[PDB]
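Chains as they are written, first to last, in PDB author numbering: chain D, 1 to 230; chain q, 4 to 89, 201 to 348, 360 to 498; chain AV, 3 to 130; chain Ae, 3 to 130.
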Amino acid sequence: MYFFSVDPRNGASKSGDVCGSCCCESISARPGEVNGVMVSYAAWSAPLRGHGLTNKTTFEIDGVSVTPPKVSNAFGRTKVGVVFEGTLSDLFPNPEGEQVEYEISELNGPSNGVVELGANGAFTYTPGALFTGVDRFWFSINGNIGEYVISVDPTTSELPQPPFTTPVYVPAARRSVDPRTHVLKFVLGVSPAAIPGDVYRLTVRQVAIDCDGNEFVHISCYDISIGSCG
Amino acid sequence: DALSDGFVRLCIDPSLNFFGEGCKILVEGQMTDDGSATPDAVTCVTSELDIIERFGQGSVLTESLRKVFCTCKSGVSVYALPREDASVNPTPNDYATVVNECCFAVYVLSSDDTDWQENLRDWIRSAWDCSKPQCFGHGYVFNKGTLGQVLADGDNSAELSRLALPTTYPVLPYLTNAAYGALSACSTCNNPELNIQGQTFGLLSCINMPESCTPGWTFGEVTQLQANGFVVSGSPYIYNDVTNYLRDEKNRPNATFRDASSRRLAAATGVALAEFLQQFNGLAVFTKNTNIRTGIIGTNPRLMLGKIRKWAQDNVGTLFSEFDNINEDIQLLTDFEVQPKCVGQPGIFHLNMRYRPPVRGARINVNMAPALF
Amino acid sequence: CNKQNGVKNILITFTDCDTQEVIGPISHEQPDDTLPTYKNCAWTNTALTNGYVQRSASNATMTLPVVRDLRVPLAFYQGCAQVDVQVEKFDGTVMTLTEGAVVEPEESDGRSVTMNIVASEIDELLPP
Amino acid sequence: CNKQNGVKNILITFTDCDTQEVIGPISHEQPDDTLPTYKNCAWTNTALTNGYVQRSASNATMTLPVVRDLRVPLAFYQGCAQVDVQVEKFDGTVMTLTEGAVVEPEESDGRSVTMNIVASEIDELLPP
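This is the structure:
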């Protein structure tokens with residue numbers, strides 16, 4: 001669990017501005033992990049004697065070094081109870097001539113089904129009986145990692161399309177704030193397809209509140225460094 | 004013969020390096036097609052084996068690099084960022211990706227694109243303040259034209275030395291700029307303090323300018339853009366080797382980071398301070414009831430401040446000047462108190478120190494008064 | 003005011019002058035009520051005549067009694083190891099010392115030594 | 003301040019009479035309490051009979067003990083290079099000697115040399 005103490009935006013910080021520094025904080029992450037981050041706004045919100053923070057936090061993800069992926073992702077659809085078939089060769093546009101070692105990691109496999117990988121870029125997915133939702137599984141074509149999404153329908157018409165989860169993301173609703181101790185908690189999820197060495201930037205906009213209901217904004221920045229083996 | 008039982012291995016070799024080459028210098032410019040090299044990718048360049056094969060016959064980068072190798076031939080592991088062609203000169207912004215962790219001290223850009231120069235400035239700056247493995251280094255670039263333009267084609271950017279060139283300057287700017295940067299780099303590898311100026315040390319060797327009887331910038335316009343930070347060159362020697370730094374946030378009068386030497390010294394002190402602080406790793410920090418127990422490797426903020434002040438007061442004289450008030454400049458602003466026992470993460474002990482480079486020699490204006498008896 | 007005289011923390015770092023291996027910084031405990039002594043000025047004076055004085059160069063000294071730590075060999079206290087010491091009093095003062103050298107070793111009994119450290123300069127941090 | 007007999011700065015500049023290389027001006031530190039000693043009058047005197055004296059030509063001498071700087075070779079102090087020395091006392095006096103030559107070198111141990119410098123003339127500055 002990461003723990004950060006926020007700039008109090010008082011004065012001493014960065015000798016006023018003379019210094020400046022304020023280089024965004026560091027967050028080391030590993031592809032596949034799902035960690036938790038806490039930030040203590042006390043040093044900034046304690047002098048502002050009022051009703052602490054509010055549940056109006058905002059996040060943003062932008063990549064400063066991305067290394068676009070080699071293998072593309074894919075989406076498929078099927079009904080409940082009926083077995084699904086698919087190929088795994090048309091997802092790897094190879095510029096050079098080489099061999100394709102298809103693989104499905106047992107760690108990041110499906111959740112409500114079973115997949116049998118074919119001998120030549122094929123796969124058979126039997127979904128879990130008496131189930132209707134979405135399913136994902138992560139393939140490793142020649143080392144390059146990608147995800148395959150399957151939508152099982154409740155046999156009636158159709159299910160919508162999920163948004164193909166990003167390398168780094170923050171869960172939709174898993175954030176919280178304790179107005180008693182001025183602490184904001186959230187989760188940081190790293191997809192198994194994030195390439196080591198890439199660097200993303202996360203900016204957090206948190207709003208406090210005075211004694212009468214007005215607002216006080218604060219913005220902070222962190223660099224998520226996608227590294228391998230820790 | 005002898006030497007037929009081992010215990011000696013003669014390795015006669017006319018060419019052989021044993022100097023722990025250092026001081027990397029990145030040179031960047033335009034190529035031409037024939038250069039068999041990947042555009043937009045930091046390339047190492049061993050020696051003058053590849054003249055145009057991977058650079059290009061006529062490429063400005065080729066000629067600049069040639070001048071660079073001419074100036075000095077020792078200890079500088081030259082590099083290259085061969086930007087492609089487009201006239202609308204190419205304006206890269208890629209640098210962050212392109213030049214990754216590798217810490218090139220001296221940057222040499224061969225162009226007059228204010229945009230390109232500004233981008234290089236930004237990269238160097240973002241390297242100084244932020245960036246992990248704290249890189250370092252000054253940037254060298256030229257600027258040519260008439261007073262008005264050159265005087266108004268430079269901001270308070272301290273990360274660059276803008277060699278000013280007259281509109282009639284009868285040389286290709288690229289050559290002179292490259293030469294200057296190269297010489298500075300080669301000289302300041304072991305010792306940074308050396309002010310590259312005047313005739314003796316700062317005489318650009320490989321320029322062979324055609325001797326004339328009238329300069330470009332005359333005394334007036336010179337005196338003018340010496341207050342305004344520029345690197346006026348008179360073979361031609363260099364003097365007033367300063368950077369385009371005139372003003373801190375608003376209080377214009379400021380002379381700390383004027384001389385390039387000051388900047389290089391600041392870098393040398395940064396790396397030394399880092400290697401010093403490295404000792405303060407993997408130990409305790411009793412910060413509530415400081416009573417460090419017998420037989421434990423521990424410290425408290427006060428002892429830290431003590432040791433820091435000690436180191437500082439020791440290094441006084443060579444790395445920086447005498448602190449006016451050492452108990453104000455040094456400050457080990459910590460945050461440990463915030464950190465609760467319900468988590469282990471230590472390590473925010475930021476330190477902020479002031480800087481006043483060692484005072485040097487300058488104008489010694491004399492006034493002789495002849496007389497008789 | 004002037005809170006009680008006395009020492010609170012004593013830190014010592016040993017560096018063997020042969021293998022350049024470093025140990026510490028370790029804490030220590032006073033063996034009795036006496037306190038370490040100091041002399042900061044690196045220039046002693048000598049009484050000349052008629053009020054004048056000869057200002058020559060000299061060394062900043064420090065005398066410090068400590069209880070031997072049962073994991074550091076006794077030789078490291080007797081002057082076979084370069085030492086860096088730091089003392090902090092109750093009133094807030096701290097005295098740091100780097101590249102010290104134990105001079106004039108005195109015979110000890112194995113549990114309480116009195117080291118006569120000599121260094122180029124001792125630095126203070128007069129309390130806030 | 004006034005009334006302090008002692009040295010404050012000692013500058014030495016070495017020039018090799020073989021390769022014409024220059025080193026300095028490097029500062030030095032006194033090894034003990036002895037001060038550098040001087041003689042400015044370049045004319046020695048000899049006691050004749052009945053109040054007279056034979057005024058002959060002589061040199062300006064200087065005796066200077068200094069700690070060898072671990073960057074300059076020892077040979078430069080033993081009379082193998084031309085030296086340019088310049089001293090300043092605490093009371094303001096500063097004595098300059100150029101193009102001196104170390105005469106009659108003495109044995110040394112490697113850390114404290116005693117130079118007997120001979121020169122044509124020494125100048126004093128006589129604090130205001």
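Quick reminder that beta carbons are idealized off the backbone N, C-alpha and C, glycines included.
- Under the DSSP assignment, Ae:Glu101 falls in the beta strand (DSSP E) whose first and last residues are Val96 to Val104.
- Using beta-carbon distances, q:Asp243 counts as an interface residue toward chain D, with a partner under 8 Å.
- Proximity of AV:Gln6 to chain Ae, defined by a Cβ-Cβ separation below 8 Å, is not satisfied.
- For q:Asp460, the nearest beta carbon of chain D is closer than 8 Å to its own beta carbon.
- In its chain, beyond the 5 residues on either side, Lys258, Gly259, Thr260 and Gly330 have a beta carbon closer than 8 Å to the beta carbon of q:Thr281.
- In this chain, the alpha helix (DSSP H) harbouring q:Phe333 covers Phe333 to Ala341.
- Residues of the region 16-32 of chain Ae with a Cβ closer than 9 Å to any Cβ of chain AV, in chain order: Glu31 and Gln32.
- In this structure, Ae:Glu101 keeps its C-beta atom at 8 Å or more from the C-beta atom of Ae:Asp125.
- For the pair Ae:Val68 and Ae:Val115, the CB atoms are nearer than the 8 Å cut-off.
- Contact check for q:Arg12 and q:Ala40: beta-carbon distance about 37 Å, past the 8 Å limit, so the pair fails to qualify.
- DSSP links D:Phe3 through a beta bridge to D:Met38.
- Taking C-beta atoms under 8 Å as the contact rule, D:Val71 and D:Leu48 fail to qualify, at a distance of about 50 Å.
- Against q:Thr211, the close residues of chain D are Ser65, in the order they occur along the chain (beta-carbon pairs closer than 7 Å).
- Taking a beta-carbon distance threshold of 8 Å, AV:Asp93 does not count as an interface residue toward chain q.
- A Cβ-Cβ contact shorter than 8 Å links D:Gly128 with D:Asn112.
- With a threshold of 8 Å between beta carbons, AV:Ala49 makes no contact with chain Ae.
- Separation of Ae:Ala121 and Ae:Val89 (C-alpha to C-alpha, rounded to the nearest whole angstrom) is 15 Å.
- Residue-level contact check: Ae:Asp35 touches chain AV, since one or more beta carbons of chain AV fall below 8 Å from its beta carbon.
- Beyond the five residues adjoining it in sequence on each side, D:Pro31 comes within less than 6 Å, by CB distance, of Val190, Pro192 and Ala194 in the same chain, given in chain order.
- Burial is judged here by how many other beta carbons sit within 10 angstroms of a residue's own beta carbon; D:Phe84 has at least 16 and is buried.
- DSSP lists Ae:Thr98 as the beta-bridge partner residues of Ae:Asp125.
- Taking every protein chain shown into account, the CB of q:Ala5 has fewer than 16 other CB atoms within 10 angstroms, so this residue is exposed.
- Counting every other CB atom within 10 Å of its CB across the protein chains shown gives q:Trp230 a total of 16 or more, marking it as buried.
- Membership of q:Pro287 in the alpha helix (DSSP H) is indicated by the continuous run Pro287 to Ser301.
- Residues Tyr41, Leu53, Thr57, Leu184 and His218 of the same chain have their beta carbon placed closer than 7 Å to that of D:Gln206, with the five preceding and five following residues left out of the count.
- By the neighbour-count definition (other C-beta atoms within 10 Å, threshold 16), D:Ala119 is an exposed residue.
- Taken through DSSP and simplified to helix, strand or coil, q:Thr46 comes out as strand.
- A straight line joining the alpha-carbon of q:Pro426 with that of q:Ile417 spans about 12 Å.
- Under the three-pair Cβ rule at 8 Å, the region 18-35 of chain q counts as touching the region 55-69 of chain q.
- Each residue's CA atom was taken as its position, placing D:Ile224 and D:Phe4 some 14 Å apart.
- For D:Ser220, not one C-beta of chain q is nearer than 8 Å to its own C-beta.
- Annotation for q:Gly395: the continuous alpha helix (DSSP H) segment containing it runs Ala385 to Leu402.
- Closer than 7 Å at the C-beta level to chain D, one finds no residue of the region 390-405 of chain q.
- q:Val220 is the residue among q:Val255, q:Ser225 and q:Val220 whose C-alpha sits nearest the C-alpha of q:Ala241.
- In the DSSP assignment, q:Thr74 falls outside any beta strand (DSSP E) and lies within the alpha helix (DSSP H) extending over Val63 to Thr74.
- The C-beta of q:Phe218 has 16 or more other C-beta atoms within 10 Å across all chains shown, which makes the residue buried.
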